[PDB]
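A short write-up of the structure that comes next.
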Amino acid sequence: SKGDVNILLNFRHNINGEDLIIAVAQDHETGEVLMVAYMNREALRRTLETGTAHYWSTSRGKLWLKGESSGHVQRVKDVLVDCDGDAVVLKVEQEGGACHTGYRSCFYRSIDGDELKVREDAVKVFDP
Amino acid sequence: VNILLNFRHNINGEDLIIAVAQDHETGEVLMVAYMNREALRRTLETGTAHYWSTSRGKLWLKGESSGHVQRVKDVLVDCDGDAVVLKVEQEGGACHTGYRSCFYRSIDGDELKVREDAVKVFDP
């Protein structure tokens, strides 16, 4: 199956006992990086099986479907792989916003001098 | 600025944040790597991407040997401050395989195949 390709990747980033790869979610049309998270073997396999983004929560200690509660799922259109196979870029179609704060992207702030300010071109898609 | 970020991606006993190098013009993700406090500190000071090699256990200036440095134009920060996006101008290629981006392959059904939009900048 498609999900079985996971055997070709290297989950060598260990965080609290779970072997993981780094995953970057990117808007398939605009190219904007929406979020960064980890995936364990099962999360990648399920992502490939359903075509919807699944990640591994290090704080929650379990894999979860992005949008499990908000409905803000990420439909995966392409999965790019790192040269060493331990990270991937997911080209996605983002429903709602990727961040729980309401912004489309988790990266709604930027370094300005010695402070972190909300970008003026950032978009708050919804209000939590 | 380091005070505003949250280093916690612990690997081999070293507080880190995840850095995503993205082409400032095309938006293509060129590579992903970790940064320790010093790596980021030096990146902001020099304007050139500095990373932390978890394997080498030492600081690393991208292109310090190949000359393929990444000039930082902007730095975006994650909501919880443990990840950043580096908007950069890439000299040459970001990958030692010679390709423009480390992510020059995609899962095509059941294998890892070179992307048709993958461009091999140089030959190692």
Side-chain angles (χ1 to χ4, degrees), chain A residues 1-6 8-9 12-16 21-24 26-27 29-38 44 47-48 58-59 76-89 91 98-101 103 105-119 122, chain B residues 1-5 8-12 16-23 25-34 40 43-44 54-55 72 74-87 94-99 101-113 115 117-118:
Chain A
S1 296
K2 304 179 180 180
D4 298 306
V5 177
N6 71 276
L8 297 183
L9 281 72
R12 57 181 181 177
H13 307 98
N14 188 297
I15 292 189
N16 299 307
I21 51 169
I22 295 170
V24 183
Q26 171 178 47
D27 187 303
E29 61 177 58
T30 73
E32 171 177 38
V33 173
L34 303 181
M35 62 174 273
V36 166
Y38 288 104
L44 175 58
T47 292
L48 297 180
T58 59
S59 67
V76 182
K77 303 297 179 175
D78 204 326
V79 178
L80 296 68
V81 184
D82 205 344
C83 63
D84 52 346
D86 68 355
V88 296
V89 169
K91 294 303 193 73
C99 189
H100 53 65
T101 63
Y103 287 87
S105 171
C106 283
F107 300 86
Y108 62 81
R109 293 182 296 177
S110 62
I111 300 182
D112 184 305
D114 303 358
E115 303 173 60
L116 296 179
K117 303 178 183 177
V118 179
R119 309 204 326 297
Chain B
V1 180
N2 53 62
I3 174 184
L4 303 177
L5 291 186
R8 51 197 174 191
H9 295 65
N10 307 301
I11 297 183
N12 294 298
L16 310 161
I17 62 171
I18 296 177
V20 182
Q22 175 180 42
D23 187 301
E25 308 180 305
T26 68
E28 172 175 41
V29 176
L30 302 175
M31 61 174 273
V32 294
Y34 288 111
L40 174 69
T43 296
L44 298 174
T54 62
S55 61
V72 186
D74 197 39
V75 184
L76 309 182
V77 180
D78 196 356
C79 60
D80 62 332
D82 67 2
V84 299
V85 169
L86 306 181
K87 293 284 191 170
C95 190
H96 48 198
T97 59
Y99 283 87
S101 167
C102 284
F103 300 92
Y104 69 92
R105 296 176 295 172
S106 60
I107 294 177
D108 185 301
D110 193 289
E111 292 179 48
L112 304 184
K113 302 178 182 179
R115 299 171 55 60
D117 67 359

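Here is how names work: the chains are called A, B, and so on, in the same order as the sequence lines, proteins then strands, and each is numbered from 1. Computation of the quantities below employed the complete heavy-atom set of this structure, encompassing side-chain atoms and omitting hydrogens, waters and symmetry-equivalent molecules.
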Practice task
Measure B:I3 against the heavy atoms of chain A and call it side chain, backbone, both or neither at under 4.5 Å.
Solution key: neither

Practice task
For the residue pair A:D82 and B:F103, establish whether any side-chain heavy-atom pair is separated by less than 4.5 Å.
Solution key: yes

Practice task
Identify which of A:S110, A:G31, A:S1 forms the greatest number of heavy-atom pairs closer than 4.5 Å to chain B.
Solution key: A:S110

Handout entry: Rounded distance (nearest 0.5 Å) linking atom CG of B:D80 with atom NE2 of A:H100
Key = 7.0 Å

Problem - Most contacts with chain B, counted as non-hydrogen pairs under 4.5 angstrom, among A:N16, A:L80, A:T58 - result: A:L80

Problem - Mutual orientation of the aromatic rings belonging to B:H9 and A:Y38 [parallel < 30°, tilted 30-60°, perpendicular > 60°] - result: tilted

Handout entry: Sidechain N-carboxylate O distance under 4.0 Å for A:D78, B:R115
Key = yes

Problem - Approximate separation, where rounding is to 0.5 Å, of B:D110 CG and A:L8 CG - result: 7.5 Å

Exercise for the section: For the residue pair A:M35 and B:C79, establish whether any side-chain heavy-atom pair is separated by less than 4.5 Å. Expected result: no

Fill in the blank from the handout: Looking only at B:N2, B:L5, B:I18, the option with the highest number of non-hydrogen pairs under 4.5 Å against chain A is B:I18

Problem - Top of B:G81, B:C95, B:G109 for chain A proximity - count of heavy-atom pairs under 4.5 angstrom - result: B:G109

Exercise for the section: Would you mind checking which part of B:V20 comes under 4.5 Å of any heavy atom in chain A, side chain (CB onward), backbone (N, CA, C, O), both or neither? Expected result: side chain

Practice task
Indicate yes or no: at least one non-hydrogen side-chain atom of A:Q26 is less than 4.5 angstrom from one of B:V29.
Solution key: yes

Problem - Best-contacting candidate, A:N14, A:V88, A:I15, against chain B by heavy atom pairs under 4.5 angstrom - result: A:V88

